[PDB]
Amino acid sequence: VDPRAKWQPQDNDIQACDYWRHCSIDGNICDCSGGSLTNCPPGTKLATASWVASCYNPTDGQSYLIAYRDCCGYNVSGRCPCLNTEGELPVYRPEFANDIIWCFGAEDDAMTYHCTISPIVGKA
């Protein structure tokens, strides 16, 4: 609803695109395909790389630094797709660029995009 409106995080449903940690998610939530909010689904490869974002936790009024690591080596799940860009910068500032495939580091050289986790990597 109003794709152009200010972002408004919630903290009650991790499979929804307005869940507070997915502020900078691009792709699909791992929770919808066998993974978890922070673990990869069976069979996929955990990347070492990621893009970061600092997202507001409406519940505690704090901000944490989210490391969007991709689970790879699989075709896109197709379930629960999102594209949030809270503070996303251009490609020439990768640490904060979300169109890049952050699969670097996955075992076996997996570079195909399956889903993305939203683990907290630290405040603020």
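Numbering starts at 1 and follows the sequence shown.
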{"item": "Mean Cα B-factor comparison, 72-80 or 40-48, giving the higher one as deposited", "value": "40-48"}
{"item": "Stretch with the higher entry mean CA B-factor, where the candidates are 110-118 and 7-15", "value": "7-15"}
{"item": "Per the PDB entry, maximal CA B factor within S63, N28, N98, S33", "value": "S63"}
{"item": "Third of the chain's Cα B-factor distribution that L89 belongs to, per the entry", "value": "middle"}
